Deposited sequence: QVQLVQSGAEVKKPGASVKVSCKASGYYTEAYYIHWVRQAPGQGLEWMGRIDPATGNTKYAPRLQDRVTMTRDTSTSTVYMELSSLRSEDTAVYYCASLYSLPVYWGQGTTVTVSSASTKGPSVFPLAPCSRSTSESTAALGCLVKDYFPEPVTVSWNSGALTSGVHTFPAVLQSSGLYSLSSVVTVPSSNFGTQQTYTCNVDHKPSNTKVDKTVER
């Protein structure tokens, strides 16, 4: 039985390089080929290549061969994957996995964001109608990087809540909205947390 542990979230600039690690542990870590797979936003799963930790021998997806390297460190049973010449379509979740074994052992995923933006906590604005079933909400604007987590009334309000996926603006900053459906039939506060900038906002919205 094997367990794979990957390196954390990375933010890199276009043209640069990123190196993600995968620490293996268990009995005979050298007998499992480690693969890398990625999932870009919306996109399908793409296989990037494998490394044999025994010998260090590698095979790459041909679309990426020129740009990616896979390396090993036998003393530390770690494997590494380096993706060079980053463009924005490389922003994605990257997994290492022993795809050939029963069962497959997965890393937990590492998120890579390709962007020139610097870290910025969000501004939160109210979404209220101008004047049976009403709707109100929060606009969580201009933050970077992902993720932001949103809740209402410290978690006590969950019914009729929709928190949307973030969109990436022309500015390189993300934005999302969270809405709730209430009856006209008191008080609603959206709680927004953005750990990369250690920002927390509690916004009360009226009507």
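Student: Tell me which segments of the deposited chain sequence are not represented by C-alpha atoms in this structure.
Tutor: Missing CA coords at 132-136, 191-195.
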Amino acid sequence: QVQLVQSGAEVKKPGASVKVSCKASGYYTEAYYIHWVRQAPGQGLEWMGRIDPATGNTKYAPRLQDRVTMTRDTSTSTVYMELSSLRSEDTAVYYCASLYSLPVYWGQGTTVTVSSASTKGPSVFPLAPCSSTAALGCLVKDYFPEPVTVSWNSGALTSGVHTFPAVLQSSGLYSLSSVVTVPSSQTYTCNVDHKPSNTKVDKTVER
From here on, numbers count along this sequence of modelled residues.
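Student: Which has the higher mean CA temperature factor in the PDB entry, 88-96 or 71-79?
Tutor: According to the PDB entry, the answer is 71-79.
Student: Quick one: say whether 132-140 or 97-105 has the higher mean Cα B-factor in the deposited entry.
Tutor: Taking the mean C-alpha B-factor of 132-140 and of 97-105, the larger value falls to 132-140.
Student: Sort 164, 28, 36, 33 by C-alpha B-factor from the entry and give me just the highest.
Tutor: Of the candidates given, the C-alpha B-factor peaks at 28.
Student: Select one of 151, 65, 177, 169: the residue whose C-alpha shows the highest B-factor in the crystal structure entry.
Tutor: Max CA B-factor in the entry, restricted to 151, 65, 177, 169: 65.
Student: Can you work out whether the C-alpha temperature factor of residue 54 puts it in the lowest, middle or highest third of the chain?
Tutor: Highest third.
Student: Which third of the chain does residue 182 land in by C-alpha B-factor: lowest, middle or highest?
Tutor: As the PDB entry reports it, the C-alpha B-factor of residue 182 lands in the highest third of its chain.
Student: Give the position of residue 42 by CA B-factor within its chain, expressed as the lowest, middle or highest third.
Tutor: Highest third, going by the recorded CA B-factors of the chain.
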